[PDB]
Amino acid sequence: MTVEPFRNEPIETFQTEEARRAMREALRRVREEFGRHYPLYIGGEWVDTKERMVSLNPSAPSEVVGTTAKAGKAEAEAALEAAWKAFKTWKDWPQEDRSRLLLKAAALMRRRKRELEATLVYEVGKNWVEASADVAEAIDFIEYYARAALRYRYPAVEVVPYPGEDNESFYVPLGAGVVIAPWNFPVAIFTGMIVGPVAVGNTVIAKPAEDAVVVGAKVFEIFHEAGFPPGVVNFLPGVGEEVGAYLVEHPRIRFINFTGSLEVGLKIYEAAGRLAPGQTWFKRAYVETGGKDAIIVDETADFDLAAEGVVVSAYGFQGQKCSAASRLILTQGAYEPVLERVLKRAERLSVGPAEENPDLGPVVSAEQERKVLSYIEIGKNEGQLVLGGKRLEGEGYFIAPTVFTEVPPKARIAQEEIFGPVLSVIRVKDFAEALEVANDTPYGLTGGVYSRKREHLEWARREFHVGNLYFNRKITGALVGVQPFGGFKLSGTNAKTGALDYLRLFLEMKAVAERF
């Protein structure tokens, strides 16, 4: 297979009339389709259930974006049977054939990109550019993994020769596994976690997050149209603690690919270490969990550039990113100039229904709103509230951009992942103390430094202990291929997505010697 070198899918900014027109039409058609029902997808067919999952518009939660079927244990069992049956033959497809199937799925997704973006707008309250970045990242995962998988093809392993023998080592896929996905990047992360394993010959049962079931179904429409053989990919919208846990704990699930909260990731990793009755392997579990990500700014930085990057990092998609800047660590000389600029920029941010393309749409659900507002109340007794801290008026789950300052490094709001538009500003003496504070959390996902001092940058390169570190730019929006994504510590297992190494996680190696 020979294709053009990988390039990232451009993120639409909607600055041309042509792009606005296309997006307006896409939003109109998605809105016109509110209330549609999407079944499960098991063994190559759409399968309905009596029970359903309801997906609300967080900008106007009286509105039902759509419903899906709901998978329980019986549907999990049907999906397992379909996936294992498919694995038997899918594993034997030449890699080039599997990679071409991914490339077809990528082409179909690209052709439906405005529709998928519009679905994210309505279903999870992304503004237009956040929706565009999500979809472009999904396309990037497909394009990237399609190509990366060829690097593992038979027989890929470099071995030392031996006289009178052929020695051949090669990779094989593991089997049928479960993918359990978050609501915050429900096209990008959902797609990536599915297609990586599938590319190299595994089969997958995919469990979308409850708040993002409709867009998960549209991804499955694409998979079905592309023509993945029956059983290779299966779609099981349902309750995480029910069908999700059932699959995690099952003796016949080979691997678990999870992205989500630390709380859930911990349970999954523990469960994966147990031998379920009748289980005949050691389960692999990849868990990519939260962060409490900091940007450090020292007195040498471009303060205007820093303030802009902090505001993008903290408030992009309402701070509902594992990569979001939730801590701003300012050295003494940076404190006043940077905080003043951040406050000035943040107070200008618009908040409203996502379809209007505001700076911030709503948070995703009533439960998320409750948790964020609760953390705001906690924060009021830990640090100094200097901006926002309020729910805004309206049916949708609108929360104002919020800033606390003089926050103690050990405060709950400086340690725990809030996952909302809440920035905690921490004042430190110097760059050495900035690094100490940056590192002193249980997490290690993303981080940033704004500084012109080469020695501070290079020190952070060595010692700011996060998996994804950025200098003089935003700490969100890691690009597939460019920035292998994944963290340290309680940010997860360091499964680097959008990197060659990712696919090795879903392979095992055989070594076969023939003595002639």
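Between two forms, the rigid core is defined as the largest C-alpha subset superposing within 1.5 Å. Start at 1 and count along the sequence shown; that's the residue number.
> Which stretch is more displaced from the shown form in 6 other deposited structures of this protein, 239-247 or 141-149, with RMS over structures and residues of Cα positions after a rigid core fit?
Stretch with the larger root mean square C-alpha distance in 6 other deposited structures of this protein: 239-247.
> Averaging only over Cα atoms, indicate whether 412-420 or 391-399 has the higher B-factor in the PDB entry.
Comparing 412-420 with 391-399, the higher mean C-alpha B-factor belongs to 391-399.
> Tell me which of 175-183 and 370-378 has the higher mean C-alpha B-factor in the deposited entry.
Per the PDB entry, the higher value belongs to 370-378.
> Out of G444, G227, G361, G72, which residue has the highest Cα temperature factor in the PDB record?
That would be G72.
> Among the candidates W46, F488, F464, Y450, give the one with the maximum CA B-factor reported in the record.
Across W46, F488, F464, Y450, the entry lists the biggest C-alpha B-factor for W46.
> By the recorded C-alpha temperature factor, relative to the other modelled residues in its chain, which third is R348 in?
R348: CA B-factor falls in the highest third of its chain.
> Quick one: classify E17 as lowest, middle or highest third of the chain based on its Cα B-factor.
According to the entry, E17 has a C-alpha B-factor in the chain's highest third.
> Going by the CA temperature factor in the PDB record, which third of the chain does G66 belong to: lowest, middle or highest?
Highest third of the chain for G66's C-alpha B-factor.
> Just say lowest, middle or highest third for the CA B-factor of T331 relative to the other modelled residues in its chain.
For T331, whose C-alpha B-factor we compare with every modelled residue in the chain, the answer is the highest third.
> Could you look up the Cα B-factor of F471 in the entry and say which third of the chain it sits in: lowest, middle or highest?
Within its chain, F471 is a lowest-third residue by C-alpha B-factor, going by the deposited values.
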